[PDB]
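Asker: Here it is, the structure, as C-alpha coordinates.
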Number of protein chains: 2
Amino acid sequence: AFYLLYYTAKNXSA
Amino acid sequence: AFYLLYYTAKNXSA
(Lines give C-alpha, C1' and ligand atoms only; values in the text may rest on other atoms or scores of the structure.)
Protein backbone atom coordinates (compact mmCIF):
# COMPACT_ATOMS: atom_id res chain seq x y z
CA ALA A 1 0.00 0.00 0.00
CA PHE A 2 0.88 3.68 -0.64
CA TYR A 3 0.85 5.74 2.62
CA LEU A 4 0.81 9.55 2.18
CA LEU A 5 0.77 12.28 4.87
CA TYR A 6 0.93 15.99 4.07
CA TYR A 7 0.57 19.42 5.68
CA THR A 8 0.12 22.56 3.54
CA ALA A 9 -3.50 25.53 5.70
CA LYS A 10 -4.68 21.73 5.56
CA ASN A 11 -3.58 18.23 6.72
CA UNK A 12 -4.19 13.13 3.65
CA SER A 13 -3.31 4.76 3.24
CA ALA A 14 -4.30 3.05 -0.05
CA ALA B 1 6.95 24.26 7.99
CA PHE B 2 5.07 22.40 5.24
CA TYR B 3 5.73 18.71 4.60
CA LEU B 4 4.90 15.53 2.70
CA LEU B 5 5.84 11.99 3.86
CA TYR B 6 5.28 8.72 2.07
CA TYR B 7 5.82 5.00 2.34
CA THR B 8 5.28 2.06 -0.09
CA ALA B 9 9.53 -0.55 -0.55
CA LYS B 10 10.22 3.26 -0.53
CA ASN B 11 10.22 5.84 2.26
CA UNK B 12 10.17 11.74 1.48
CA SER B 13 9.74 19.59 4.30
CA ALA B 14 9.87 23.33 3.63
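Order determines the names: the first chain of the C-alpha coordinates is A, the second B, and so forth; residues in each chain are numbered 1 upward, and ligands are numbered 1 upward as they are shown.
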Report as CSV the residues of chain B within 7 Å of chain A, each with its shortest atom pair and distance in Å (one decimal), using only C-alpha atoms, ordered by chain and increasing residue number.

Answerer:
```
residue,atom,partner,partner_atom,distance
B:2,CA,A:8,CA,5.2
B:3,CA,A:7,CA,5.3
B:4,CA,A:6,CA,4.2
B:5,CA,A:5,CA,5.2
B:6,CA,A:4,CA,4.5
B:7,CA,A:3,CA,5.0
B:8,CA,A:2,CA,4.7
```

Asker: Keeping N, CA and C atoms for every residue in the selection just given, could you write it to a file as a PDB file, in the first residue's frame?

Answerer:
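Output below, filename result16.pdb:
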```
ATOM      1  N   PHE B   2       5.925  23.342   5.977  1.00  0.00           N
ATOM      2  CA  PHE B   2       5.071  22.404   5.241  1.00  0.00           C
ATOM      3  C   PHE B   2       5.809  21.092   5.064  1.00  0.00           C
ATOM      4  N   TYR B   3       5.082  19.998   4.853  1.00  0.00           N
ATOM      5  CA  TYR B   3       5.734  18.705   4.599  1.00  0.00           C
ATOM      6  C   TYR B   3       4.866  17.711   3.870  1.00  0.00           C
ATOM      7  N   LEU B   4       5.517  16.707   3.279  1.00  0.00           N
ATOM      8  CA  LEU B   4       4.902  15.525   2.705  1.00  0.00           C
ATOM      9  C   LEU B   4       5.780  14.349   3.122  1.00  0.00           C
ATOM     10  N   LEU B   5       5.157  13.228   3.464  1.00  0.00           N
ATOM     11  CA  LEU B   5       5.835  11.988   3.856  1.00  0.00           C
ATOM     12  C   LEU B   5       5.139  10.839   3.198  1.00  0.00           C
ATOM     13  N   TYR B   6       5.900   9.863   2.734  1.00  0.00           N
ATOM     14  CA  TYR B   6       5.282   8.721   2.071  1.00  0.00           C
ATOM     15  C   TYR B   6       5.998   7.443   2.336  1.00  0.00           C
ATOM     16  N   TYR B   7       5.283   6.332   2.137  1.00  0.00           N
ATOM     17  CA  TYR B   7       5.825   4.997   2.335  1.00  0.00           C
ATOM     18  C   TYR B   7       5.092   4.017   1.433  1.00  0.00           C
ATOM     19  N   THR B   8       5.846   3.115   0.760  1.00  0.00           N
ATOM     20  CA  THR B   8       5.281   2.059  -0.087  1.00  0.00           C
ATOM     21  C   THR B   8       5.744   0.693   0.456  1.00  0.00           C
TER      22      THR B   8
END
```

Asker: Using every Cα, in order, as the fitting set, what is the least-squares RMSD of chain A against chain B?

Answerer: 1.1 Å

Asker: Within chain A, find each residue whose DSSP state, derived from the backbone, is strand (DSSP E), and express the selection as a ChimeraX atom specification.

Answerer: /A:3-7,11-13
